[PDB]
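Visitor:
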Amino acid sequence: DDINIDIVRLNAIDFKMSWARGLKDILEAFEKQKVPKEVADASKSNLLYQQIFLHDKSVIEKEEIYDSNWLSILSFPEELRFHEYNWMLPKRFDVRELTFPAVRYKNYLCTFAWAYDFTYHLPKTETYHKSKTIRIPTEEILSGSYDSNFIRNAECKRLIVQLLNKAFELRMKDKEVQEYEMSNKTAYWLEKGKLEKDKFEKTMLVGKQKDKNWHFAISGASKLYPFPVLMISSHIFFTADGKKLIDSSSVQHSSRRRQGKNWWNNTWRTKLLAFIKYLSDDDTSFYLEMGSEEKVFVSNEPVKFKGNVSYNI
Amino acid sequence: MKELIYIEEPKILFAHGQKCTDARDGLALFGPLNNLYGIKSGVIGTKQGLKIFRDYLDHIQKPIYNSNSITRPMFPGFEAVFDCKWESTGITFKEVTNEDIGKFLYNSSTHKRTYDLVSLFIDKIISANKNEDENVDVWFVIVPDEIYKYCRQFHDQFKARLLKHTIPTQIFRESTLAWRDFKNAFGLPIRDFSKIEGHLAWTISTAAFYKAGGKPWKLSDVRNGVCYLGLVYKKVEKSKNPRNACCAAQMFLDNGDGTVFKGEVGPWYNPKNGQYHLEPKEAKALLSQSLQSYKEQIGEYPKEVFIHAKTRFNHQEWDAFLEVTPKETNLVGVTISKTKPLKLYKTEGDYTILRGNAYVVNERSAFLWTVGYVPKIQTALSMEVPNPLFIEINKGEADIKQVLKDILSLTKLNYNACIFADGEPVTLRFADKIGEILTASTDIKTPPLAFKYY
Amino acid sequence: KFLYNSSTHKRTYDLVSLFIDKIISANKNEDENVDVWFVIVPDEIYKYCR
DNA sequence: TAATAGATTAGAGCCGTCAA
RNA sequence: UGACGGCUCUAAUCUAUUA
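Protein chains in written order, with the deposited numbering: chain B, 106 to 418; chain A, 1 to 152, 205 to 506; chain E, 103 to 152.
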């Protein structure tokens, strides 16, 4: 009501909120009215025009779901057992060599398996009793409803992580994979041969660059945060011939950096999906061993993520 | 099937009330917040170093263009952007003979040669600052490619020994400004900047303008009455033990008017190895120092304090914090991590997940994508798939959405560089740099406590 | 708080302390680049500080 | 005062940043 | 000290248990 009456009915260009937006409006009006303009320099005064559009935003607002490296844990065995090997378990005896995974405790053995599942390793345990072994259900300890002075729930979760990691390490031994010992984790990668010299549902898993061969590798680790999952990390390893590795950290690091120079999101995602689909035991999952009749089944599809704001090319 | 929430990109405030999102675009469109008149360059080093500095300075007078100006905006020129005269006519040159570097380089020990080189350089700078009448705003130390290579500690000790004189210093390498000439034995530039020359000019000009007393930009959207902190723990190696925890902090209120960002500094020490935690008395001292710094500047204690860290707090230091914290001041201890290996892949192909996606796990934990695809520059800030930051409210009560918004706001104040955004809140980064400088020489009483001196 | 004491050395020391401490704090931990500092002393300080 | 594992940390070194 | 990102490797600490 204070603008002079001689310009109220004229359209006005907004500059209060921004001057770049107002400048874009001015440019649009000038272009639509064909105002003369010249002197296009070799230094590309069109770049300044490009930059004075303020710039765009994420107004597209697609869905564009995303995948992950997380495998959701499903169908957990109902309980885990502590076997009171008071004097039955010999001292100075490690637990790794057990074909069937377990963790040593104060005097017991912590495992998902039944008592006589280690008959070959400890034949003396033939006369072991049932009242000794104590069983803790799994579906309620995860929710945090369990609390005892004999054991702490967090320690039980850590023990479950240890069991899951032991099972994951064991399951690659017979799966025809090659293991490499990194700083603190073991990476499992497929070799030459079994594919059509490279493929899995049309994904080059092992390739060759200028001089030697590069191999895609997966490392895994079980967790319960935010929810029981298996996390996967990707790696690129290098072999001179294909059957022999290079025992040098600097050369491997340089080759890995050079190879990842050209890979993009689609390459990483497809290679991860192909490698993880390779380890499938059935059509839509793969199982890990914790009991003679109790299995831990793991989904073979990553936990997908959904958004509502995205972009385009 | 999990869901991702989105948080709006914060805006930084440029000259005459103009906001934007990119620092380079905002500077090239509106210019710095403050107005200097010129930069008086002091140069210390060899004659060829002076020639390289002179020719680079005359090189960045004229506009520089990138291979793709959309990803890397062009540099219009120093007087075009910063409206300050940073010209070669203001150079005050102190000559360091190549022979002196010859004596101080070709010895056998490493600590002694580093100490000798630092002694030479800071001694010339100290004499020129003390007993000369010419004024120098920023001292540029152009070192050859035989000190930063054969004596790399030199930079940290050099910056630590100048703290008693408050000398803003910018170290440069001869290959940095003479990348065209500094080829290898093959005849190829090891530091090819042909397509990103404008980026280097942007970075150097912004750093020099900031060290010369200028404020280039500031964030616009941050509430008042809240003071942010960042604590970082460093290992000291020159002591008797292999390592003793040394905590150094950076501090950031909003202002009375705009962007107070100094750094609550003065290192605190825990002798126990590996215990990246504060004893109750040291936590009391640090919290009292920060609170008094706020009180003297605004007059009332802040109502919210958002302490950040890369480590988890224990209960002892937290209860000490509450003991020294007033009843009217909220206290929220946040923890920021990177080691969690979460990765979101784009199902549609080439480009990666957009930057700003948040996976709010629960009330007290979320994932944030501070690095990713930015629609304005149309490029992803990483090469491989970016890894998010796992932000979890370790202690106290505060909205997770607000925490994520503040963490994305505090990733734009990287005056050391001219990029779109950082991948970690800049408070922690600057606390890290301050601690790294301070734990290089163990004699500094009441450190200067301003970022231009580090 | 300083000028109205008894001893002349004490009041002068406290006044110089206030001024130089403010100047040194501004020099050490402020991002400005001040070239020359200008100390405007009222005609009640230098009158009784000698 | 040595063995495991998980979980949490820091520090040093090295390569890419372009268009092919 | 132009500046970031990404990996690799090296170490220590805290929880629990056992020698």
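C-beta: ideal position from N, C-alpha, C; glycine also.
Below 8 angstroms on C-beta distance, what does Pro500 (chain A) contact in chain E?
Guide: Counting from one through the second sequence, the residue named residue 500 (chain A) turns up at place 448. Simply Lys130 and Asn131.
Visitor: In this structure, how does DSSP classify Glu356 (chain A) when only helix, strand and coil are distinguished?
Guide: Counted from its first residue, the second sequence places residue 356 (chain A) at position 304. If DSSP states are grouped into helix, strand and coil, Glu356 (chain A) belongs with the strands.
Visitor: Apart from the five residues just before and just after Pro438 (chain A), which ones in its own chain have a Cβ nearer than 6 angstroms to its Cβ?
Guide: Looking up residue 438 (chain A) in the second sequence gives position 386. Contacts found: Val423 and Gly424.
Visitor: Can you pull the chain B neighbours of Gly401 (chain A), defined as C-beta to C-beta under 8 angstroms?
Guide: As a working note, residue 401 (chain A) is residue 349 in the second sequence. Here the neighbours are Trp369, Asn370 and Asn371.
Visitor: Considering only their Cβ atoms, is the gap separating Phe273 (chain B) from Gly325 (chain B) smaller than 8 angstroms?
Guide: Here residue 325 (chain B) corresponds to residue number 220 of the first sequence, with the count starting at 1. Here residue 273 (chain B) corresponds to residue number 168 of the first sequence, with the count starting at 1. Yes, these two residues count as a Cβ contact at 8 angstroms.
Visitor: Could you check which residue in A:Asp133, A:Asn135 and A:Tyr148 has the C-alpha nearest to that of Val118 (chain A)?
Guide: Position 118 of the second sequence, counted from the start, is the residue given in the question as residue 118 (chain A). Comparing Cα-Cα distances from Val118 (chain A) to each of A:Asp133, A:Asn135 and A:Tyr148, the minimum goes to A:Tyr148.
Visitor: Tell me where the beta strand (DSSP E) around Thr387 (chain A) begins and ends.
Guide: For the purposes of this step, residue 387 (chain A) is taken as residue 335 along the second sequence, with counting starting at 1. From DSSP, the beta strand (DSSP E) with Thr387 (chain A) extends over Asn382 to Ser389.
Visitor: Check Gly351 (chain A) in the structure and name its three-state DSSP category.
Guide: Counting from one through the second sequence, the residue named residue 351 (chain A) turns up at place 299. Coil.
Visitor: With a Cβ-Cβ cutoff of 8 angstroms, do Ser461 (chain A) and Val288 (chain A) count as a contact?
Guide: As a first step, residue 461 (chain A) is located in the second sequence; it is residue number 409 there, counting from the start. As a first step, residue 288 (chain A) is located in the second sequence; it is residue number 236 there, counting from the start. Contact: no.
Visitor: Give the residues of chain B in contact with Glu3 (chain A), contact being defined as C-beta atoms less than 9 angstroms apart.
Guide: Numbered from 1 along the second sequence, position 3 holds the residue referred to as residue 3 (chain A). The contacting residues are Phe410, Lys411, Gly412 and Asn413.
Visitor: Does the region 323-343 of chain A come close enough to the region 241-259 of chain A to have 3 or more Cβ pairs within less than 8 angstroms?
Guide: no
Visitor: From the DSSP output, which residues share a beta bridge with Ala301 (chain A)?
Guide: Counting from 1 along the second sequence, the entry for residue 301 (chain A) is found at position 249. According to DSSP, which records beta bridges pairwise, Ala301 (chain A) is partnered with A:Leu283.
Visitor: 8 angstroms is my cut-off, CB to CB: does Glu274 (chain B) come that close to chain A?
Guide: One-based indexing of the first sequence puts residue 274 (chain B) at position 169. Cβ-Cβ to chain A under 8 angstroms: no for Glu274 (chain B).
Visitor: Any heavy atom of the ligand ADP closer than 7 angstroms to the Cβ of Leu374 (chain A)?
Guide: The ligand ADP is not part of this structure, which contains no ligands at all.
Visitor: Beta-carbon separation of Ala335 (chain A) and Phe304 (chain A) under 8 angstroms?
Guide: Position 283 of the second sequence, counted from the start, is the residue given in the question as residue 335 (chain A). Position 252 of the second sequence, counted from the start, is the residue given in the question as residue 304 (chain A). No, Cβ-Cβ distance for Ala335 (chain A) and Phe304 (chain A) is not below 8 angstroms.
Visitor: Does the beta carbon of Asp123 (chain E) come closer than 8 angstroms to any beta carbon on chain A?
Guide: Along the third sequence, one-based indexing puts residue 123 (chain E) at 21. Residue-level contact by beta carbon fails for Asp123 (chain E) and chain A, as no gap is shorter than 8 angstroms.
Visitor: Using the beta-carbon of each residue, which ones in chain B are nearer than 7 angstroms to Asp25 (chain A)?
Guide: Against the second sequence, residue 25 (chain A) aligns to sequence position 25. The contacting residues are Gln156.
Visitor: Cβ of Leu4 (chain A) within 8 angstroms of Cβ of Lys270 (chain A)?
Guide: Locating residue 4 (chain A) in the second sequence gives position 4, where the first residue counts as 1. Locating residue 270 (chain A) in the second sequence gives position 218, where the first residue counts as 1. Cβ distance not < 8 angstroms, so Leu4 (chain A) and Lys270 (chain A) don't count as in contact.
Visitor: Is there at least one Cβ from chain B nearer than 8 angstroms to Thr404 (chain A)'s Cβ?
Guide: The residue given as residue 404 (chain A) occupies position 352 in the second sequence. Yes, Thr404 (chain A) counts as interfacial toward chain B.
Visitor: Determine the closest residue to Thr387 (chain A) out of A:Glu444, A:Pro332 and A:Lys347, with distance taken between C-alpha atoms.
Guide: Mapped onto the second sequence, residue 387 (chain A) falls at position 335. Minimum Cα distance to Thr387 (chain A) is reached at A:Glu444.
Visitor: Apart from the five residues just before and just after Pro354 (chain A), which ones in its own chain have a Cβ nearer than 8 angstroms to its Cβ?
Guide: In the second sequence, residue 354 (chain A) corresponds to position 302, counting from 1. Cβ-Cβ distances below 8 angstroms link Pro354 (chain A) to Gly277, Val278, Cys279, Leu305, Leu343, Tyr346 and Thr381 in the same chain, with the five nearest sequence neighbours on each side left out; the list follows chain order.
Visitor: Once you ignore the five residues that flank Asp484 (chain A) on each side, which residues in its own chain have a CB closer than 7 angstroms to its CB?
Guide: Here the question's residue 484 (chain A) lines up with position 432 in the second sequence. Same-chain partners within the cutoff: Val284.
Visitor: How many angstroms separate the CA atom of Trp294 (chain B) from the CA atom of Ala322 (chain B)?
Guide: In the first sequence, counting from the first residue as 1, residue 294 (chain B) sits at position 189. In the first sequence, counting from the first residue as 1, residue 322 (chain B) sits at position 217. Rounded to the nearest angstrom, the two C-alpha atoms are 4 angstroms apart.
Visitor: Along the beta strand (DSSP E) that carries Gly312 (chain B), what are the first and last residues, could you check?
Guide: On the first sequence, residue 312 (chain B) is found 207 positions in, with the first residue counted as 1. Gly312 (chain B) -> beta strand (DSSP E) spans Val311 to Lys313.
Visitor: Can you tell which of A:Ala297, A:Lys267, A:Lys40 and A:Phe482 has its C-alpha closest to the C-alpha of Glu316 (chain A)?
Guide: Here residue 316 (chain A) refers to the residue found at position 264 when the second sequence is read from its first residue. Taking only the C-alpha atoms, the option nearest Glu316 (chain A) is A:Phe482.
Visitor: Quick one, which of B:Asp303, B:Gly412 and B:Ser390 has its alpha-carbon nearest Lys376 (chain B)'s?
Guide: Taking the first residue of the first sequence as position 1, residue 376 (chain B) is located at position 271. Of the candidates B:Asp303, B:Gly412 and B:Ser390, the one whose C-alpha sits nearest the C-alpha of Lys376 (chain B) is B:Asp303.
Visitor: Look at the alpha carbon of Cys299 (chain A) and the alpha carbon of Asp309 (chain A), and state the distance between them as a whole number of angstroms.
Guide: By one-based count along the second sequence, residue 299 (chain A) stands at place 247. By one-based count along the second sequence, residue 309 (chain A) stands at place 257. About 30 angstroms.
Visitor: Rounded to whole angstroms, what's the CA-CA distance from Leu214 (chain A) to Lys290 (chain A)? Just pull it up for me.
Guide: Numbered from its first residue, the second sequence carries residue 214 (chain A) at position 162. Numbered from its first residue, the second sequence carries residue 290 (chain A) at position 238. The alpha-carbon atoms of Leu214 (chain A) and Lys290 (chain A) are separated by roughly 19 angstroms.
Visitor: Determine the burial state of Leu330 (chain A): buried for a count of at least 16 other Cβ atoms within 10 Å of its Cβ, exposed for fewer.
Guide: Along the second sequence, one-based indexing puts residue 330 (chain A) at 278. By the neighbour-count criterion, in which 16 or more other beta carbons inside 10 Å mark a residue as buried, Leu330 (chain A) falls on the buried side.
Visitor: Establish whether the CB of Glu134 (chain E) and some CB of chain A are separated by less than 8 angstroms.
Guide: In the third sequence, residue 134 (chain E) corresponds to position 32, counting from 1. Closer than 8 angstroms: yes.
Visitor: Using a cut-off of 7 angstroms between C-beta atoms, extract the partners of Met336 (chain B) located in chain A.
Guide: Numbered from its first residue, the first sequence carries residue 336 (chain B) at position 231. Within 7 angstroms Cβ-Cβ: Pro393.
Visitor: At 8 angstroms on the CB atoms, spell out the chain E contacts of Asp137 (chain A), in chain order.
Guide: Locating residue 137 (chain A) in the second sequence gives position 137, counting from the first residue. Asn135, listed in chain order.
Visitor: Go through its chain and collect everything with a Cβ distance to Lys62 (chain A)'s Cβ below 7 angstroms, but skip five positions before and after it.
Guide: Counted from its first residue, the second sequence places residue 62 (chain A) at position 62. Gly77.
Visitor: Answer with buried or exposed for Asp474 (chain A), where buried requires no fewer than 16 other C-beta atoms within 10 angstroms of its C-beta.
Guide: Taking the first residue of the second sequence as 1, we reach residue 474 (chain A) at position 422. Answer is buried; the Cβ neighbour count reaches 16.
Visitor: When you compare the region 40-50 of chain A with the region 85-93 of chain A, are there three or more beta-carbon pairs, one atom per stretch, that lie closer than 8 angstroms?
Guide: yes
Visitor: Would a check of beta-carbon distances place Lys504 (chain A) closer than 8 angstroms to chain E?
Guide: The sequence position of residue 504 (chain A) within the second sequence is 452, counting from 1. Closer than 8 angstroms: yes.
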